[PDB]
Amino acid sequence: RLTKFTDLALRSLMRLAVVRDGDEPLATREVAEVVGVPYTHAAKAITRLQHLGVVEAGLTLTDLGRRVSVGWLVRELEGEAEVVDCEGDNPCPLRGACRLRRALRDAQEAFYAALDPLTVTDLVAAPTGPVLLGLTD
């Protein structure tokens, strides 16, 4: 499962990607209302996207924002989280001699590689882009 935070960050970028140059740099508020979350959640997401350099401005998508891959974004946004936790409160005795762990690393790489060919631009092509714009009508 992907984090709510990761998905929401992606939603926010999608919303910023449909801004027709010379429409308006959106406020965080407008973004949060349109993508259907509270302000506070959207606020976190935007500040992170600013940390990453994919947004700036009033808010805008950067040169970088348009061209980065969705794979890269998810990798960055997922941050620390791993596919499995081999040492939580009760750490696993197979740690370090685990063939399953290796397989899950390969599987998780397959996941990100399926997303490397896409950009946010590709995600706001139709039908999605129109619906976002539709939601600001």
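Numbers follow the displayed sequence, beginning with 1.
**Student:** Does the deposited sequence hold unmodelled residues between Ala27 and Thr28, and if so, how many: none, 1 to 3, 4 to 9, or 10 or more?
**Tutor:** Gap size class: none, per the record.
**Student:** If you average the CA temperature factors over each stretch, which comes out higher, 86-94 or 71-79?
**Tutor:** It is 86-94 that shows the higher mean C-alpha B-factor.
**Student:** Test of understanding: from the entry's C-alpha B-factors, which stretch has the higher mean, 3-11 or 126-134?
**Tutor:** Comparing 3-11 with 126-134, the higher mean C-alpha B-factor belongs to 126-134.
**Student:** Per the coordinate record, which of the options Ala103, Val37, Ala110, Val54 holds the highest CA temperature factor?
**Tutor:** The C-alpha B-factor peaks, among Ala103, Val37, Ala110, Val54, at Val37.
**Student:** Rank-wise, by C-alpha B-factor, drop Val19 into the lowest, middle or highest third of its chain.
**Tutor:** CA B-factor rank for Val19: highest third.
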